[PDB]
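One structure is given here, and the rest of the page talks about it.
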Amino acid sequence: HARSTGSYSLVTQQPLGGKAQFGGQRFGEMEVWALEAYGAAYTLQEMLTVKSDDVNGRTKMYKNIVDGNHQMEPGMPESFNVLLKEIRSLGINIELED
Amino acid sequence: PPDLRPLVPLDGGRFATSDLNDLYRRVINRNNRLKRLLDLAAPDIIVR
Amino acid sequence: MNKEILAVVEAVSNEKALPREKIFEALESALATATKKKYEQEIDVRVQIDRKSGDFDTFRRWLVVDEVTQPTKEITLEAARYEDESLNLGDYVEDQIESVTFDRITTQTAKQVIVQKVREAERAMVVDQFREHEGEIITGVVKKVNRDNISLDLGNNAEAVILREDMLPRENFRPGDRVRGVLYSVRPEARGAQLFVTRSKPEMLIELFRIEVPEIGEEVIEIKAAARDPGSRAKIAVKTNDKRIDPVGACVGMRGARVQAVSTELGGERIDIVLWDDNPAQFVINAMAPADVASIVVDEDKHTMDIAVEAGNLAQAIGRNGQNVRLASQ
Amino acid sequence: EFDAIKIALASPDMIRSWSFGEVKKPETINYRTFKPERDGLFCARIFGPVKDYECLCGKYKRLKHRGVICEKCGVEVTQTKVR
Amino acid sequence: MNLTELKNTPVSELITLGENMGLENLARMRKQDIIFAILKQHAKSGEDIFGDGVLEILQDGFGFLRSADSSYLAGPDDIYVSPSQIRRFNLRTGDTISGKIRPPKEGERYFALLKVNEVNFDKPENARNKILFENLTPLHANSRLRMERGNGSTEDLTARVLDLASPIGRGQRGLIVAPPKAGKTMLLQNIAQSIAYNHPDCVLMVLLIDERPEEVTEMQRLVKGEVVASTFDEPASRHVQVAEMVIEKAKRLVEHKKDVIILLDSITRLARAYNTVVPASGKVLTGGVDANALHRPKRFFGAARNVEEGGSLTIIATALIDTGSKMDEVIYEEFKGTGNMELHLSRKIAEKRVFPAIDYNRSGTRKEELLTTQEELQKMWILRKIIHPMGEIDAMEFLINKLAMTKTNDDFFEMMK
Amino acid sequence: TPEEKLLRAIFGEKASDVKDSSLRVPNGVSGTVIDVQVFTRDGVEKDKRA
RNA sequence: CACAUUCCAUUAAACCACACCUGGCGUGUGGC
DNA sequence: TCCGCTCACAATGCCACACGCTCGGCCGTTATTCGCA
Ligand SMILES: [Zn+2]
């Protein structure tokens, strides 16, 4: 079972599993630990948000790849900002300096 | 926001729902009825 | 299934352009090609479905001839005296029944044949309805102006065509405007659009006068000739058989009022009413007027006319392409 | 692009400024038609148009607006992700 | 530059002008884009543009000013007017506008309005505070429209018989009930000619719906007033478009205290087009007719009235009957007790080469006491009582022989005594 | 309307209201169909395959 | 006067899916 | 008064079930209006 790029769930903008009949594979905790045991900060950031979280980030990365631009965009995860705004929905300002 | 609680049209009587969307719609209607209690013809049991 | 065949034959879109017997023959041909596609061989079969109510009862054609090629449709003359055939051609017998006229491929080929038949029917209807207006002028918007020809809307599913050779570098077209002409040829046996309307024909202007000039049409005048170099010069020659009218003075109107009208209708072409005579000499003298001609000769064995002109009116004698002469030679 | 997130209590005016409307009806969506409520749970003038670059009633579908509020109900024509 | 000079001019002068301006090959396209490019060039080398037309407001918010000769159709010749004018001058659909316009830049292609000058032939200040159409109080017709010219031609006798059978006034509803083959086209033509020759102050409008184009071109340059017509060549959408256009123009003109006169032919074809253009409401009678499908035609026929405040509106719509189908039949039944002046033209007299074929026995007009004097009405009633025992063809030929000798209906009446 | 049905089956524009809710075989999986079963609610007439 | 929100020659814009339950998946409750 | 020590959890944790993707009527009152300027 393999998936290049397909549909995403409605409740979350992440790839699905076997029931989607085209989904990818699950990235749990143990291999997160195995990867952070090595280096690969760029690789982990790619595996985390550029391929799963940033709905616009994955599209921009695909656009860059299809024209030969093998470079990544930082693309802070949007779901991160959503959980920040939820914490504010209970409450705290989420300030960003630099 | 509604996207964290999507209500997708579904085939048949089944309709994908959620939970918080009823909790604070309940608080909305409760605030509406306490507004009914807020302004007109209202004895101290109101303020309670 | 017969109920569905009914629903179809009675629920057609164009009940007028597609008569009932036409639906019958179209369904027959569709079921015939369906049955042809059924068998792996090639055997022609008509269905002869009950035209009014009932279902189908196919047949089998056999084409009486001494040949043997494709024996499915072969019956020799000698070995045909049985069944009381006794004929040379037309052995369309009922050897084949049990046609299936509702399955997938049959339905698809029937829909295709019905489309083809309704297209043929609408073509025939439009052509034999708007062919009656072959001599008179036809008015209508242009569907679309292509390179080889232009196609024109004339009404309800009404199409006409004007060829490119009859067009002009200055006569110009684009979908939306109404250009008129005379229906000069009708080919109802063609494959597509078959309402050929032209504009460069001379008699066109004649009929123009017929719809404008009151003197023509009542036989009191006689529009004889018309020399039309399209866009160059459009002269007309008339003759009056009565003894109380003039050929040119009445037809010009009032100092170029109706002649200029028909000119700007034709496209502003220079129209000069010439007066032909009973002899070709005066005819060609007037055709190259106003100008002097020092010599007029006719030659029968050469089928030509020698017109030698003098110096003093060359600006009117030749013009462009010798148009003042080009009309006469035409 | 940032650093050192901060967690503390809340403030009402910040909630008001971050909110783009006030919900007032408990109904989420109509049951007969799938149109969202005017000021209910599933709202449009508070979150955004349910479709990308399409007005709620449809008269402001044109991309030239790109923020023009509708006169009947009122929507800021933009992408759905804004919601 | 003004617009009408280039609109109502022949296309040949436009071709000459476009060739003299040193432009692209102009004669290869429509008249619409031809005049559009001509105006664009004259604006690039020249002053502001001066346009005019009738305004239509869409459901979008803006407005389109369209010309009369194109039957108010879309194209490059239309004038875009922003909703800002509709908010400032409080414009409405059918407003006759004329004023200054500018050329378009990128993003636009229509000539945008710069400043209005004449709104419905009136000043914007006077038109600001006005009275609505439906807010007026209808009434009966009081001023009778004289249709007799007085010359007594070979065909004006038709109009004379009309004055004998249906006294028309400002605010009356006329229904011409006639089968095909009956000769109503030249009848309406003569009516328009007489009503423009006798009453040139009131605006005259004709409407040919689902009509042959040759008749359209021969009527658009034979009678006065703008001849707007939607021939059968186009779908019913254009028919309802031009219906709304003409009805709103008439409403605005009568709101500006102008006697408006509409000639509509035929009303059955217009109602059929309405029936096929407006969505169905489920309920269907015989002949493929919907219930609400007649609501808009009914309204169109009911717009005509005699306004008590100022001006009036007189519609004359002819109903085509005896065609075989049920659409025309049910339309004529629904419109039978609708118009207050019917005029029946039986084909039995028309096929006998006896024109005008007018069923005087079945024709009539209500409240004619408010249009004619006392002794005139008495003579009309005497003539009606005399002709009623007769048939149709015999009465028609008797009336023809009694009217050919005389030249005026007054001498006719006194000689009939 | 049934006349509209038979017209669209032969002439006219595309099918207005379909959404193409037809089920297709999933991607990647292949095979040969060997049997079809149909179950119909009472009142609904069975199709020719039923 | 004035803002101005236009009926949209090749063609980039009109693309896409919703099922069987002790291991196709999750919410609610209960359990230590 | 001070110090030490079990019960409902909390919960790695799954599981099961209901189904899907305390009960009843009524009382009351209301706010109920979808106007485009
Ligand atoms: Zn809206």
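For the structure tokens, the naming scheme is as follows: chains receive sequential letters (A, B, ...) according to their order of presentation, residues are indexed from 1 within each chain, and ligands are indexed from 1 in presentation order.
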
- Task: May I have the residues within 9 Å of ligand 1, computed using only C-alpha atoms (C1' of nucleotides) and all ligand atoms, as a list in words?
- Result: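 Based on only C-alpha atoms (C1' of nucleotides) and all ligand atoms, ligand 1 is surrounded within 9 Å by residues 55, 56, 57, 58, 59, 60, 69, 70, 71, 72, 73, 74 and 75 of chain D.
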
Would you export the selected residues with N, CA and C atoms as a compact mmCIF listing (two decimals), in the first residue's frame, please?
# COMPACT_ATOMS: atom_id res chain seq x y z
N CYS D 55 -20.32 33.86 -3.01
CA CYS D 55 -21.20 34.51 -2.05
C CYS D 55 -22.25 33.52 -1.54
N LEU D 56 -22.88 33.89 -0.42
CA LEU D 56 -23.90 33.03 0.16
C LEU D 56 -25.13 32.95 -0.75
N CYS D 57 -25.62 34.11 -1.20
CA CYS D 57 -26.73 34.10 -2.14
C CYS D 57 -26.26 33.87 -3.57
N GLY D 58 -25.00 34.18 -3.86
CA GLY D 58 -24.41 33.91 -5.16
C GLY D 58 -24.23 35.13 -6.04
N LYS D 59 -24.76 36.28 -5.65
CA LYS D 59 -24.66 37.47 -6.50
C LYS D 59 -23.29 38.11 -6.45
N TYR D 60 -22.47 37.78 -5.45
CA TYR D 60 -21.12 38.33 -5.31
C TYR D 60 -20.06 37.26 -5.55
N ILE D 69 -19.04 42.97 1.11
CA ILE D 69 -20.08 42.34 1.92
C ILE D 69 -21.40 42.37 1.15
N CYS D 70 -22.15 41.28 1.26
CA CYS D 70 -23.43 41.19 0.56
C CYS D 70 -24.47 42.09 1.23
N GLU D 71 -25.47 42.49 0.44
CA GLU D 71 -26.51 43.38 0.93
C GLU D 71 -27.70 42.63 1.51
N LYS D 72 -27.95 41.40 1.07
CA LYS D 72 -29.07 40.63 1.60
C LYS D 72 -28.73 40.00 2.94
N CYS D 73 -27.71 39.15 2.97
CA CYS D 73 -27.25 38.53 4.21
C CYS D 73 -25.92 39.09 4.68
N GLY D 74 -24.93 39.19 3.79
CA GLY D 74 -23.65 39.78 4.14
C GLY D 74 -22.55 38.76 4.32
N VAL D 75 -21.68 38.62 3.32
CA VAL D 75 -20.55 37.71 3.38
C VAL D 75 -19.34 38.39 2.76

Taking only C-alpha atoms into account, find every residue of chain D that has an atom no more than 8 Å from chain A, and write it out as an mmCIF file with N, CA and C atoms, in the first residue's frame.
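So selection18.cif came out as:
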data_model
loop_
_atom_site.group_PDB
_atom_site.id
_atom_site.type_symbol
_atom_site.label_atom_id
_atom_site.label_comp_id
_atom_site.auth_asym_id
_atom_site.auth_seq_id
_atom_site.Cartn_x
_atom_site.Cartn_y
_atom_site.Cartn_z
ATOM 1 N N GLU D 1 9.302 32.078 12.949
ATOM 2 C CA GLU D 1 8.896 33.477 12.881
ATOM 3 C C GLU D 1 8.526 34.020 14.255
ATOM 4 N N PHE D 2 8.742 33.220 15.295
ATOM 5 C CA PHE D 2 8.355 33.609 16.646
ATOM 6 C C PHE D 2 9.175 32.802 17.647
ATOM 7 N N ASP D 3 8.844 32.962 18.927
ATOM 8 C CA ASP D 3 9.578 32.357 20.029
ATOM 9 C C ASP D 3 8.818 32.619 21.321
ATOM 10 N N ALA D 4 8.963 31.697 22.275
ATOM 11 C CA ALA D 4 8.577 31.912 23.671
ATOM 12 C C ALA D 4 7.091 32.265 23.806
ATOM 13 N N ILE D 5 6.252 31.273 23.493
ATOM 14 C CA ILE D 5 4.816 31.428 23.693
ATOM 15 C C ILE D 5 4.516 31.676 25.175
ATOM 16 N N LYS D 6 3.407 32.369 25.437
ATOM 17 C CA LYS D 6 3.034 32.788 26.782
ATOM 18 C C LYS D 6 1.619 32.327 27.106
ATOM 19 N N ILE D 7 1.431 31.845 28.336
ATOM 20 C CA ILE D 7 0.137 31.376 28.822
ATOM 21 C C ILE D 7 -0.202 32.114 30.112
ATOM 22 N N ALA D 8 -1.392 32.702 30.159
ATOM 23 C CA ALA D 8 -1.915 33.406 31.326
ATOM 24 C C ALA D 8 -3.436 33.462 31.178
ATOM 25 N N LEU D 9 -4.085 34.338 31.941
ATOM 26 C CA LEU D 9 -5.539 34.446 31.905
ATOM 27 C C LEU D 9 -5.979 35.198 30.645
ATOM 28 N N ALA D 10 -7.269 35.518 30.562
ATOM 29 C CA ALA D 10 -7.888 36.055 29.357
ATOM 30 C C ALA D 10 -8.280 37.519 29.550
ATOM 31 N N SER D 11 -8.953 38.068 28.532
ATOM 32 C CA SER D 11 -9.412 39.451 28.500
ATOM 33 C C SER D 11 -10.606 39.545 27.561
ATOM 34 N N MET D 14 -10.069 41.541 23.911
ATOM 35 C CA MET D 14 -9.325 40.767 22.926
ATOM 36 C C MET D 14 -10.206 39.702 22.288
ATOM 37 N N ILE D 15 -11.076 39.068 23.080
ATOM 38 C CA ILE D 15 -12.022 38.106 22.523
ATOM 39 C C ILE D 15 -12.966 38.794 21.547
#

- Residues near residue 18 (chain B), cut-off 9 Å, only C-alpha atoms (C1' of nucleotides), skip fewer than 6 positions along chain, as a PyMOL selection string: (chain B and resi 5-7) or (chain G and resi 27)

Written selection (C-alpha atoms (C1' of nucleotides)) as a PDB file, in the first residue's frame:
ATOM      1  CA  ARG B   5     -17.031  20.491  13.916  1.00  0.00           C
ATOM      2  CA  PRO B   6     -18.150  19.709  10.364  1.00  0.00           C
ATOM      3  CA  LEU B   7     -21.767  18.835   9.565  1.00  0.00           C
TER       4      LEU B   7
ATOM      5  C1'   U G  27     -18.614   9.385  20.234  1.00  0.00           C
TER       6        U G  27
END

- Selection near region 8-11 of chain G, 12 Å with only C-alpha atoms (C1' of nucleotides), sequence-local residues under 6 positions removed, as a ChimeraX atom specification: /D:61-64 /E:107-109

Give me, as CSV, the closest atom pair and its distance (Å, one decimal) for every residue of chain G within a cut-off of 8 Å of chain E, counting only C-alpha atoms (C1' of nucleotides), rows sorted by chain and rising number.
residue,atom,partner,partner_atom,distance
G:1,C1',E:115,CA,7.6
G:3,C1',E:84,CA,6.6
G:4,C1',E:82,CA,5.7
G:6,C1',E:108,CA,5.4
G:7,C1',E:74,CA,6.8

So that I have them on file, write out the residues from the current selection with N, CA and C atoms (P, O5', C5', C4', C3', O3' and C1' of nucleotides), as a PDB file, in the first residue's frame.
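And here's again06.pdb as it stands now:
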ATOM      1  P     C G   1     -18.325  66.996 -15.587  1.00  0.00           P
ATOM      2  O5'   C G   1     -18.630  67.407 -14.078  1.00  0.00           O
ATOM      3  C5'   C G   1     -19.919  67.211 -13.511  1.00  0.00           C
ATOM      4  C4'   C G   1     -19.873  67.277 -12.005  1.00  0.00           C
ATOM      5  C3'   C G   1     -19.096  66.166 -11.314  1.00  0.00           C
ATOM      6  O3'   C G   1     -17.698  66.399 -11.300  1.00  0.00           O
ATOM      7  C1'   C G   1     -21.179  66.470 -10.232  1.00  0.00           C
ATOM      8  P     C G   3     -14.922  60.231  -8.859  1.00  0.00           P
ATOM      9  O5'   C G   3     -15.269  58.870  -8.105  1.00  0.00           O
ATOM     10  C5'   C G   3     -14.934  58.681  -6.737  1.00  0.00           C
ATOM     11  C4'   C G   3     -15.758  57.581  -6.115  1.00  0.00           C
ATOM     12  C3'   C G   3     -15.600  56.199  -6.735  1.00  0.00           C
ATOM     13  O3'   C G   3     -14.471  55.492  -6.252  1.00  0.00           O
ATOM     14  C1'   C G   3     -17.891  56.699  -6.537  1.00  0.00           C
ATOM     15  P     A G   4     -13.597  54.586  -7.252  1.00  0.00           P
ATOM     16  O5'   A G   4     -14.675  53.745  -8.074  1.00  0.00           O
ATOM     17  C5'   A G   4     -15.305  52.604  -7.507  1.00  0.00           C
ATOM     18  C4'   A G   4     -16.501  52.172  -8.320  1.00  0.00           C
ATOM     19  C3'   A G   4     -16.198  51.582  -9.690  1.00  0.00           C
ATOM     20  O3'   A G   4     -15.852  50.210  -9.623  1.00  0.00           O
ATOM     21  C1'   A G   4     -17.903  53.204  -9.894  1.00  0.00           C
ATOM     22  P     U G   6     -18.607  44.826 -12.421  1.00  0.00           P
ATOM     23  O5'   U G   6     -19.594  44.047 -13.396  1.00  0.00           O
ATOM     24  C5'   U G   6     -20.406  44.757 -14.323  1.00  0.00           C
ATOM     25  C4'   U G   6     -20.234  44.247 -15.732  1.00  0.00           C
ATOM     26  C3'   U G   6     -18.943  43.477 -15.989  1.00  0.00           C
ATOM     27  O3'   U G   6     -19.183  42.464 -16.965  1.00  0.00           O
ATOM     28  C1'   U G   6     -19.004  45.399 -17.369  1.00  0.00           C
ATOM     29  P     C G   7     -19.487  40.955 -16.498  1.00  0.00           P
ATOM     30  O5'   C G   7     -20.114  40.261 -17.788  1.00  0.00           O
ATOM     31  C5'   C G   7     -21.518  40.034 -17.894  1.00  0.00           C
ATOM     32  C4'   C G   7     -21.888  39.495 -19.253  1.00  0.00           C
ATOM     33  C3'   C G   7     -21.445  40.360 -20.426  1.00  0.00           C
ATOM     34  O3'   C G   7     -21.197  39.527 -21.559  1.00  0.00           O
ATOM     35  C1'   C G   7     -23.788  40.192 -20.437  1.00  0.00           C
TER      36        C G   7
END

- Query: Could you list, as a count of residues only, every residue of chain G that has an atom within 12 Å of an atom of chain B, counting only C-alpha atoms (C1' of nucleotides)?
  - Reply: 5

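A straight line drawn from CA of residue 20 (chain D) to CA of residue 68 (chain D) is 15.2 Å long.
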
Could you produce a table of the residues of chain A lying within 9 Å of chain G, with the nearest pair of atoms per residue and their separation in Å rounded to one decimal, using only C-alpha atoms (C1' of nucleotides), ordered by chain and increasing residue number, as CSV?
residue,atom,partner,partner_atom,distance
A:7,CA,G:17,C1',7.6
A:18,CA,G:24,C1',8.5
A:19,CA,G:24,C1',6.0
A:20,CA,G:17,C1',9.0

- Task: Please indicate the distance in Å from CA of residue 146 (chain C) to CA of residue 189 (chain C), rounded to one decimal place.
- Result: 22.3 Å

- Message: At a cut-off of 7 Å, using only C-alpha atoms (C1' of nucleotides), what residues contact residue 251 (chain C)? Leave out same-chain residues fewer than 3 positions from it and give the result as a PyMOL selection string.
- Response: chain C and resi 213+247-248

- Task: At a cut-off of 9 Å, list the chain F residues touching chain C, using only C-alpha atoms, as a ChimeraX atom specification.
- Result: /F:3,6-7,9-11

Grab the residues selected above and save them as a PDB file, in the first residue's frame with N, CA and C atoms.
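Contents of result-v7.pdb, as written:
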ATOM      1  N   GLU F   3     -41.296  12.250 -21.512  1.00  0.00           N
ATOM      2  CA  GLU F   3     -40.896  12.747 -22.823  1.00  0.00           C
ATOM      3  C   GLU F   3     -39.510  13.372 -22.761  1.00  0.00           C
ATOM      4  N   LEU F   6     -36.998  10.413 -22.682  1.00  0.00           N
ATOM      5  CA  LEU F   6     -36.733   9.800 -23.979  1.00  0.00           C
ATOM      6  C   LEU F   6     -36.046  10.769 -24.933  1.00  0.00           C
ATOM      7  N   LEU F   7     -36.232  12.076 -24.741  1.00  0.00           N
ATOM      8  CA  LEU F   7     -35.514  13.045 -25.560  1.00  0.00           C
ATOM      9  C   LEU F   7     -34.042  13.096 -25.174  1.00  0.00           C
ATOM     10  N   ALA F   9     -32.404  10.799 -23.819  1.00  0.00           N
ATOM     11  CA  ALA F   9     -31.800   9.535 -24.223  1.00  0.00           C
ATOM     12  C   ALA F   9     -31.326   9.557 -25.669  1.00  0.00           C
ATOM     13  N   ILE F  10     -31.851  10.468 -26.492  1.00  0.00           N
ATOM     14  CA  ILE F  10     -31.490  10.560 -27.898  1.00  0.00           C
ATOM     15  C   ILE F  10     -30.934  11.932 -28.257  1.00  0.00           C
ATOM     16  N   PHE F  11     -31.589  13.002 -27.810  1.00  0.00           N
ATOM     17  CA  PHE F  11     -31.173  14.357 -28.157  1.00  0.00           C
ATOM     18  C   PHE F  11     -30.971  15.207 -26.910  1.00  0.00           C
TER      19      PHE F  11
END

- Provide as an NGL selection string the residues of chain C at most 6 Å from chain E, counting only C-alpha atoms. :C and (155 or 172-174 or 176-177)

Just-selected residues, N, CA, C and O atoms written as an mmCIF file, in the first residue's frame:
data_model
loop_
_atom_site.group_PDB
_atom_site.id
_atom_site.type_symbol
_atom_site.label_atom_id
_atom_site.label_comp_id
_atom_site.auth_asym_id
_atom_site.auth_seq_id
_atom_site.Cartn_x
_atom_site.Cartn_y
_atom_site.Cartn_z
ATOM 1 N N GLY C 155 -34.926 31.021 -40.438
ATOM 2 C CA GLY C 155 -36.107 30.851 -39.617
ATOM 3 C C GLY C 155 -35.997 29.683 -38.658
ATOM 4 O O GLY C 155 -34.938 29.456 -38.066
ATOM 5 N N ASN C 172 -18.634 41.723 -47.278
ATOM 6 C CA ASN C 172 -17.990 41.254 -46.064
ATOM 7 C C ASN C 172 -19.032 40.737 -45.081
ATOM 8 O O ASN C 172 -20.173 41.206 -45.064
ATOM 9 N N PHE C 173 -18.630 39.763 -44.261
ATOM 10 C CA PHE C 173 -19.578 38.988 -43.471
ATOM 11 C C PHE C 173 -19.014 38.636 -42.099
ATOM 12 O O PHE C 173 -17.798 38.529 -41.923
ATOM 13 N N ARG C 174 -19.923 38.444 -41.131
ATOM 14 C CA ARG C 174 -19.643 37.962 -39.781
ATOM 15 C C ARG C 174 -20.974 37.565 -39.169
ATOM 16 O O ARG C 174 -21.981 38.227 -39.453
ATOM 17 N N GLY C 176 -24.271 37.510 -37.560
ATOM 18 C CA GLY C 176 -25.119 38.527 -36.975
ATOM 19 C C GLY C 176 -25.888 39.397 -37.950
ATOM 20 O O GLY C 176 -26.996 39.844 -37.634
ATOM 21 N N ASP C 177 -25.333 39.645 -39.130
ATOM 22 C CA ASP C 177 -25.993 40.516 -40.091
ATOM 23 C C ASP C 177 -26.838 39.707 -41.070
ATOM 24 O O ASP C 177 -26.654 38.500 -41.244
#

- Message: List the spatial neighbours of residue 34 (chain B) as a ChimeraX atom specification - criterion: any atom at most 12 Å away, only C-alpha atoms (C1' of nucleotides), same-chain residues fewer than 3 positions off excluded.
- Response: /B:27-31,37-40,42,45-48 /H:29-30

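For the pair CA of residue 27 (chain A) and CA of residue 48 (chain A), the separation is 8.8 Å.
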
- Can you check which residues of chain F have any atom within 12 Å of chain A? Use only C-alpha atoms and format it as a PyMOL selection string. chain F and resi 25-29

- Message: I'd like the neighbourhood of residue 31 (chain H) as a list in words, where a residue qualifies if any of its atoms comes within 12 Å (using only C-alpha atoms (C1' of nucleotides)), though same-chain residues fewer than 4 positions away should be ignored.
- Response: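 Within the cut-off, the hits are residues 29, 32, 33, 35 and 36 of chain B; 25 of chain D.
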
Hey, can you spit out that residue selection with N, CA and C atoms as a short mmCIF file (atom, residue, chain, number, x, y, z; two decimals), in the first residue's frame?
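Result file is out.cif:
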data_model
loop_
_atom_site.label_atom_id
_atom_site.label_comp_id
_atom_site.auth_asym_id
_atom_site.auth_seq_id
_atom_site.Cartn_x
_atom_site.Cartn_y
_atom_site.Cartn_z
N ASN B 29 -29.22 29.42 23.67
CA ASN B 29 -30.65 29.48 23.95
C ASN B 29 -30.92 29.77 25.43
N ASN B 32 -30.61 33.37 25.76
CA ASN B 32 -31.82 33.98 25.19
C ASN B 32 -32.97 33.97 26.20
N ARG B 33 -33.18 32.84 26.88
CA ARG B 33 -34.27 32.80 27.85
C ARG B 33 -33.94 33.60 29.11
N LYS B 35 -32.29 36.35 28.91
CA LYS B 35 -32.62 37.69 28.43
C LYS B 35 -34.12 37.94 28.54
N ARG B 36 -34.93 36.95 28.17
CA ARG B 36 -36.36 37.00 28.47
C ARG B 36 -36.58 37.35 29.94
N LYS D 25 -28.47 32.30 17.49
CA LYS D 25 -29.50 31.29 17.35
C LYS D 25 -28.92 29.90 17.52
#
